[PDB]
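For reference, the structure is listed below as structure tokens.
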Amino acid sequence: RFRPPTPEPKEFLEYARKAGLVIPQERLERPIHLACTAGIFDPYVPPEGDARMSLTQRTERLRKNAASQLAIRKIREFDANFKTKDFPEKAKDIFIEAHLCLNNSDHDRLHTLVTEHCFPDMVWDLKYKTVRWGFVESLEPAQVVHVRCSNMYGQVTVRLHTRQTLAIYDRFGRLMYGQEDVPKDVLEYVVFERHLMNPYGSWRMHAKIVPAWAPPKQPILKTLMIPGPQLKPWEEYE
Amino acid sequence: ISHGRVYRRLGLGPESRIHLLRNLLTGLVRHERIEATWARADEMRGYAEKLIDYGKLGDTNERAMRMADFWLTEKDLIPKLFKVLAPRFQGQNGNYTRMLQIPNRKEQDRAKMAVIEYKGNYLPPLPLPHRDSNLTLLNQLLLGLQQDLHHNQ
Amino acid sequence: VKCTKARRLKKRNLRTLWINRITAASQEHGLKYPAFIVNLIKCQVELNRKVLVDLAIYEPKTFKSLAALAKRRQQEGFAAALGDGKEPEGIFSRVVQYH
Amino acid sequence: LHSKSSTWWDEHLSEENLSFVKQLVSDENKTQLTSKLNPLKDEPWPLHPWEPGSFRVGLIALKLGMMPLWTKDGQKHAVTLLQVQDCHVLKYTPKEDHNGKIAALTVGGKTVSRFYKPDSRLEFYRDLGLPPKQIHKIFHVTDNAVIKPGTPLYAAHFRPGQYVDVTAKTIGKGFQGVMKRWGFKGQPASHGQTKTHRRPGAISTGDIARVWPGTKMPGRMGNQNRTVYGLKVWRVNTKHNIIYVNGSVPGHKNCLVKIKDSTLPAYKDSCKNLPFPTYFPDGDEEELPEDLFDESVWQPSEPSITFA
Amino acid sequence: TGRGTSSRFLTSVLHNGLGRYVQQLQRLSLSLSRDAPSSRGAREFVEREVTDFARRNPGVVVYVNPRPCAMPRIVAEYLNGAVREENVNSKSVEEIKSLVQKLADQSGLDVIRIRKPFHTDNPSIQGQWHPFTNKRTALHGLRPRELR
Amino acid sequence: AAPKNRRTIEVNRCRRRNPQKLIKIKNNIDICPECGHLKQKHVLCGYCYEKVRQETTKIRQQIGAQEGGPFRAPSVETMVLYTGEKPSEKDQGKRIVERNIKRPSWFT
RNA sequence: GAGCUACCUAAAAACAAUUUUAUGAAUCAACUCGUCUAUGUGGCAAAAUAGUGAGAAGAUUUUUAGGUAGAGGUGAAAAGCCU
RNA sequence: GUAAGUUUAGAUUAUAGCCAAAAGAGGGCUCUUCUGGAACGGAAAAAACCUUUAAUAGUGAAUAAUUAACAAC
RNA sequence: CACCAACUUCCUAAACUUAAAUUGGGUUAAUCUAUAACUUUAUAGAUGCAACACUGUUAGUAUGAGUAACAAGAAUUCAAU
RNA sequence: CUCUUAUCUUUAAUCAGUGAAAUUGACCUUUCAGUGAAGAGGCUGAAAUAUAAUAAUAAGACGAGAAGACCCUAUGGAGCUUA
RNA sequence: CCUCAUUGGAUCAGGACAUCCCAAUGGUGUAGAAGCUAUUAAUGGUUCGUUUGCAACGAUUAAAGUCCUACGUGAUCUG
Ligand SMILES: [Mg+2]
Ligand SMILES: [Mg+2]
Ligand SMILES: [Mg+2]
Ligand SMILES: [Mg+2]
Ligand SMILES: [Mg+2]
Ligand SMILES: [Mg+2]
Ligand SMILES: [Mg+2]
Ligand SMILES: [Mg+2]
Ligand SMILES: [Mg+2]
Ligand SMILES: [Mg+2]
Ligand SMILES: [Mg+2]
Ligand SMILES: [Mg+2]
Ligand SMILES: [Mg+2]
Ligand SMILES: [Mg+2]
Ligand SMILES: [Mg+2]
Ligand SMILES: [Mg+2]
Ligand SMILES: [Mg+2]
Ligand SMILES: [Mg+2]
Ligand SMILES: [Mg+2]
Ligand SMILES: [Mg+2]
Ligand SMILES: [Mg+2]
Ligand SMILES: [Mg+2]
Ligand SMILES: [Mg+2]
Ligand SMILES: [Mg+2]
Ligand SMILES: [Mg+2]
Ligand SMILES: [Mg+2]
Ligand SMILES: [Mg+2]
Ligand SMILES: [Mg+2]
Ligand SMILES: [Mg+2]
Ligand SMILES: [Mg+2]
Ligand SMILES: [Mg+2]
Ligand SMILES: [Mg+2]
Ligand SMILES: [Mg+2]
Ligand SMILES: [Mg+2]
Ligand SMILES: [Mg+2]
Ligand SMILES: [Mg+2]
Ligand SMILES: [Zn+2]
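Protein chains in written order, with the working numbering: chain A, 1 to 238; chain B, 239 to 391; chain C, 392 to 490; chain D, 491 to 798; chain E, 799 to 946; chain F, 947 to 1054.
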């Protein structure tokens, strides 16, 4: 006698890929819920020379009020408390606090301090790593630079000039990118966001804007090899 | 005891050995470069050498014609042997065939392989093993010794 | 079963070892083992074989004295038996009685 | 790779240097071999006279083949041709170091290439100033018969009429059965014999419950050192250094053999007449004829035998 | 079981008897249940015998912990660092009293096969035997058959 | 004949881990100067040889198209020419095979 | 349970060449059978293979469907056959 | 000299031995009766011969049996 | 003119005196129920209550053993010639 | 057959792929003499002894298998014959 | 009153000696030659057939020994 050959059936995809299958698209009965929108509504173009300044910018925004202040009215219409005078400080609190989570790796808190377009851009390339980010004094106070609005989202780009330290390590504790403790001054533009409609919506960090005229960042300590084209016997190098 | 015997046992028997080698020879004459197992290519190399000798004897020779008729199963090759290959190798006294070892066959039998060709053919040149240049360190020292020995008597 | 049985063979094997070591030590001074043991007893010395080995290995000078003592008592025994009749008992052949 | 790699003499040589090295190595063989051609003028060791009970050196020779030969009585004798080829004395030991009563001389013949040999062997010959030899062998020589190392030996060292002993490795027969290895009868072809024709029968008896050591069984046959005793020397060719030895010699053609005076009882002290230390051609006391014959031999070019 | 187990030699923790004898047991912990049939005997030990034991041994610190418990347990800690634990489940006062005294007298040294009943650091007074003892010297120290 | 006893892992581990049964390390592996791929000293490079045979197959394809049928082998010498090359005087009266590609660097 | 096998009923098939004659005759294929030896012996095969053999117009062989059933059936009796 | 024995009530298993020694009966064996034995020591290995009251820890001791024995006018 | 040696016996502490079918008695592993206990326990009442062995049953994995045994005519330009 | 031999194919052997079967108390698995039931790798006394493979032989492991044989037993069966 | 049932061969042989031949000797009713008897010795050897189922013969030989090894030996084969 014998026992029968049961075929004995991240696995369904291979099953149907080898067999091949007609996967008809399905209409989602419940619409997917988005609390943030990928990208920036209008990517603020940083004026040249905005760095290396050791309020004039704020006056320029007052001039751009034609295309920006009207948006602020909408921000007030849903909240009526969003004042660009006090907002700069609160922005810093998010930024500083959010980055601090990385040290502990308290991904729980981050989700309450960053949107679903910044968390994947803050932790994805830090799995199996031990960052150490510390905030040195801020050179100059933060300032709002651009306010846009579209269900209805509002983004308030903030400009900050601060001094920080970063010391990312490998799994084995070896240093990979940075100096253990040495301050460096950074002028980065941050783009906050909020879901105006939702009753439980607040201000969270969405994205950052990199001016083209920015200086290059510090390079990794290790040395890389960029492979050249790989050629089969048919081919010849050019 | 197989001391002094100069043949491999191939195929289904003695007749089968000749026919297997005969087909390889017929392919070599037509194509001038053939891949076969190392043992079989080695066995067929001797017949490849002697076949050219018969072609040299001449078209009018009857013994050459009968031998050429037997070995070349495709009869269009008979003019080729007498009028192409034999004229090519008129100067040489021997060593018409070049046989080299190529990597093992990637077909689950991992056979030892060889490429056998007639010298002077039109195909792209094989990547032969090339000896070192006289400019290498060892060669120069040997070259230095040679100059002194000849010059000083 | 082996562990239990070896417990009793251990005690006989150590006594065989002690005797071998005693014969080694006594033959250095010229005495066979039977003479050394017997004549020490006749002097009313009740050192046992385990203790005797310790004397031979670690107290060579004291063991040598015992060999002379056992030899002297053996020498007295030959004279006492060899000379028949009433002869005064040997100095070291005197037995201390108890009551 | 920072690991072991293989090399051979030809790996790094260019096309031109390949020929140059070949000619150079062959050039050295010529000069070295002509340096030793004159032993007697190169501080020869003292030459003692022959005394009874002496044993002299022997030669290493190559086996050319066989041919027929005839005597004045008309009998035909099959004979083997042995060529003495690059035979030199290589090493000397005294009686004490060899541990025997007698001393030892190591001889060697058939110079070979230098290209696939261990460094040890090459240094041994470089000290002695000779090209490497194919084979070494040891000969037992008495003190009177000692010969200095580096001394060549020649076929004239033997003379027709003396009996000799030859030892060489027999032809290999590979792994064989029991019929061809020990001449066992085997079993019948027909009448019911089932799968047993060339097989060994019963190994042993049932009582001993084992197989005795030295029981004859299938195994590898041949390639063993064997010796033939009491072979007569019929003729010597001085020009080509050829010795004609009666009968068969172990080994295949082109096999090196060991030739020394016969140790059989009859020819105990027959080396009185022969050159006692060795035959020196450098001495040139008298120039030998090209062909030496034994008296019974019928030489070609003689009148046809008529037993009148 | 001798070959299947470890062994040691006879020893004392800090030459306990040379200068002054010191008691090795330094702590006893007894956990009990106020109401549990298994801990009845241990409860009587606390009522009657614990104080007298404590007075006799002033270098042993005794901890008694009545708590909701399933098995009463005794934990004994020694100066050398050994820790020993005992089930006191359903034992009479006589058994627990007997056990507690055995712990006090013991040392922390492990109860395993002891290779030798005795032990000395100064085995020899007159000099340890070596092959030359009991060998007479020779004039000029001439070895046998030496000519000089 | 059948086993009288089961064989132990300690006996088996000696048999199948004996050096006679282990894989021998190779000392004859080297690099090809031209391609930088690995090869054994006495065998041709399998990468450089692959280039030659792929070109050879292309040429043999073109020969078949010219002949058009079996038993059409010429009785005169053959030659291969690439775009930008024209037969010389020595090339007269020889079958010419034409290839679209430029003359390969190795092919001369 | 007679799709194997034993026997039977009904309806159908096959047998060249050669010599005798006018045939349960002869030589010998197809076909049926299984004499002797070897191989095989968990084999290709739970009875085969390779040779060698016996019959081969007949009491021959083969096909299809039906019948007889265990205290029984069938049997040119081997107590054979009845999955 | 010594501590067992008879009766009452309940109850199975067993009913084929083994070897040594002693006396008989048949006729070397084989029946019958009497005595002993079942080492971890000794006899070489040794169920049956000899030494041996049970079984425990100890690096104590005295002992038992113990294949060995010393041609002859 | 003796020594050695079997807990035979003495000695320190103890112990109270001899194949095996069968017979008398003292404890006990596990689980459930009653009432308690609360890092896994106590007194009772129960039971499909304990396996180194039935050429045991089921399943798993070894040994023999990487062994016996198994398979695709050749070349080339390759549902081709 | 005396009296075997040579050649070729199969198998064998080596390389690559796949991969069974009976069997197996545990094995760190020696020779001789003794003892023993015809009986010893394993007991007594001598002796021998670097360790692991590969390919061979079949003396032994009272070698492994099958439904084999032989005598006897059961108040176990069954077939057959009768007076 | 009657009764009656493991062993040949083939292959390869190991060993005993109570020796069949070969070898060394004592005695003799040993002239020589043939023999007889005994001691010593295990050295190598000890044939081929016919009828046979156990023997019965033929022709030879220096001799055609007697026994033990579970018919020595069937995982070597065979009646
Ligand atoms: Mg061979
Ligand atoms: Mg060969
Ligand atoms: Mg004792
Ligand atoms: Mg035969
Ligand atoms: Mg056969
Ligand atoms: Mg044996
Ligand atoms: Mg082993
Ligand atoms: Mg039917
Ligand atoms: Mg017909
Ligand atoms: Mg007919
Ligand atoms: Mg017929
Ligand atoms: Mg007929
Ligand atoms: Mg019928
Ligand atoms: Mg009948
Ligand atoms: Mg049936
Ligand atoms: Mg007792
Ligand atoms: Mg019992
Ligand atoms: Mg049960
Ligand atoms: Mg179990
Ligand atoms: Mg079994
Ligand atoms: Mg079981
Ligand atoms: Mg397995
Ligand atoms: Mg096997
Ligand atoms: Mg196979
Ligand atoms: Mg394989
Ligand atoms: Mg062993
Ligand atoms: Mg025996
Ligand atoms: Mg033994
Ligand atoms: Mg194998
Ligand atoms: Mg066997
Ligand atoms: Mg009955
Ligand atoms: Mg009945
Ligand atoms: Mg014999
Ligand atoms: Mg005798
Ligand atoms: Mg057998
Ligand atoms: Mg077999
Ligand atoms: Zn390459």
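Idealized CB from N, CA, C, for every residue including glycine.
How long is the line joining the alpha carbons of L968/F and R962/F, rounded to whole angstroms? For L968/F and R962/F, the gap between their C-alpha atoms comes out near 8 Å.
Quick check: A302/B and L295/B, are their CB atoms within less than 8 Å of each other?
With contacts defined by Cβ atoms closer than 8 Å, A302/B and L295/B form a contacting pair.
- DSSP three-state call for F783/D: helix, strand or coil? Shown here, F783/D sits in a strand according to DSSP, grouped into three states.
| task | Locate the alpha helix (DSSP H) running through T453/C, then write down its first and last residues. | result | In the DSSP assignment, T453/C falls within the alpha helix (DSSP H) that extends over 451-473.
Length at least 3, wholly inside the stretch 653-686 of chain D: the beta strand (DSSP E) runs in chain order:
Those beta strand (DSSP E) runs which fall completely within the stretch 653-686 of chain D and span 3+ residues are 653-659, 664-666.
- Taking the alpha-carbon positions, what's the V909/E to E875/E distance? The alpha-carbon atoms of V909/E and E875/E are separated by roughly 15 Å.
Are the C-beta of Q904/E and some C-beta of chain C separated by less than 8 Å? With 8 Å as the cut-off, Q904/E does not count as an interface residue toward chain C.
* Asked: Just to confirm, are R61/A and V136/A a CB contact at a threshold of 8 Å?
  -> The answer is no: Cβ separation not under 8 Å.
Any heavy atom of ligand 2 closer than 7 Å to the CB of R247/B? Because no heavy atom of ligand 2 lies under 7 Å away, the Cβ of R247/B does not count as near it: no.
Handout entry: Spatially closest choice to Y44/A from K232/A, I23/A, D185/A, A67/A, by CA coordinates
Key = Nearest C-alpha to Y44/A: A67/A.
### Query
With DSSP run on the structure shown, which of helix, strand or coil describes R688/D?
Here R688/D sits in coil by DSSP.
**Message:** Under 7 Å, CB to any heavy atom of ligand 4. Which residues pass, going along the chain?
**Reply:** Counting every residue whose Cβ lies closer than 7 Å to a heavy atom of ligand 4, we get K675/D, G676/D, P678/D, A679/D.
TODO: Grab the span of the alpha helix (DSSP H) containing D386/B for me, first residue to last.
DONE: From DSSP, the alpha helix (DSSP H) with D386/B extends over 375-389.
| request: Please say whether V244/B and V1022/F have beta carbons closer to each other than 8 Å? | output: Cβ distance not < 8 Å, so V1022/F and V244/B don't count as in contact.
*Buried or exposed by the 16-neighbour rule on C-beta atoms within 10 Å, applied to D170/A*: It counts as exposed.
Hey, is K685/D's beta-carbon within less than 8 Å of any beta-carbon in chain F?
Judged by the 8 Å Cβ criterion, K685/D is not in contact with chain F.
Pull up the CB-CB distance for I239/B and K663/D, whole angstroms please, since I reckon it's below 8 Å.
About 6 Å; that satisfies the 8 Å criterion.
Suppose you measure from the CA of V701/D to the CA of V747/D; what does that come to, to the nearest Å? Using only the alpha carbons, I get a separation of about 37 Å.
Note to self: So within the stretch 703-768 of chain D, which uninterrupted beta strand (DSSP E) runs reach at least 3 residues, ignoring any that extend past its ends?
What the structure shows: If we require 3 residues or more, the beta strand (DSSP E) runs fully inside the stretch 703-768 of chain D come out as 709-711, 715-727, 732-736, 746-751.
Note down the Cα distance separating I428/C from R412/C, rounded to an integer number of angstroms.
-> Distance between the alpha carbons of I428/C and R412/C: 13 Å.
Going straight from the alpha carbon of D386/B to that of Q378/B, what length do you get?
If you take the alpha carbons of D386/B and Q378/B, they lie about 12 Å apart.
Item to complete: Pick helix, strand or coil for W276/B, following the three-state DSSP scheme.
Response: Assignment of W276/B by DSSP, reduced to helix, strand and coil, places it in the helix class.
* To do: Say whether chain D places a C-beta atom closer than 8 Å to the C-beta of residue 456/B.
  => Past the boundaries of the shown model lies residue 456/B; chain B is included only from 239 to 391, so the question cannot be answered.
task: Please list the residues of the stretch 418-450 of chain C that have a C-beta atom closer than 9 Å to any C-beta atom in chain E, keeping them in chain order.
output: Those residues of the stretch 418-450 of chain C that come within reach of chain E (Cβ to Cβ, closer than 9 Å) are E419, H420, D445, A447, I448, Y449, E450.
Notebook entry, point to check: Interface residues of chain D around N974/F at Cβ under 8 Å?
Noted result: Chain D residues near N974/F: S496.
Q: Closer than 7 Å by beta-carbon distance: list the chain D residues that pair up with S371/B, in chain order.
A: Those within 7 Å of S371/B in chain D are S504.
Is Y292/B helix, strand or coil by DSSP? Correct three-state label for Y292/B: helix.
Margin query: Can you tell me whether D125/A is helix, strand or coil according to DSSP?
Written below: Three-state result, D125/A: helix.
Note to self: The beta strand (DSSP E) that contains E140/A, what's its start and end?
What the structure shows: Where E140/A is concerned, the enclosing beta strand (DSSP E) stretches over 134-149.
| task | Count the other C-beta atoms from every protein chain shown that fall within 10 angstroms of the C-beta of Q155/A, then say buried if there are 16 or more, exposed otherwise. | result | Under a 10 Å Cβ-count criterion, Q155/A is classified as buried, with 16 or more other Cβ atoms of the shown protein chains found around its own Cβ.
Taking the alpha-carbon of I209/A as reference, which of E188/A, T130/A, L110/A, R194/A has the nearest alpha-carbon? With distances taken between Cα atoms, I209/A lies closest to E188/A.
Would you mind reading off the limits of the beta strand (DSSP E) that contains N863/E? Segment 859-864, the beta strand (DSSP E) holding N863/E.
Put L527/D into one of helix, strand or coil per three-state DSSP.
Here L527/D sits in coil by DSSP.
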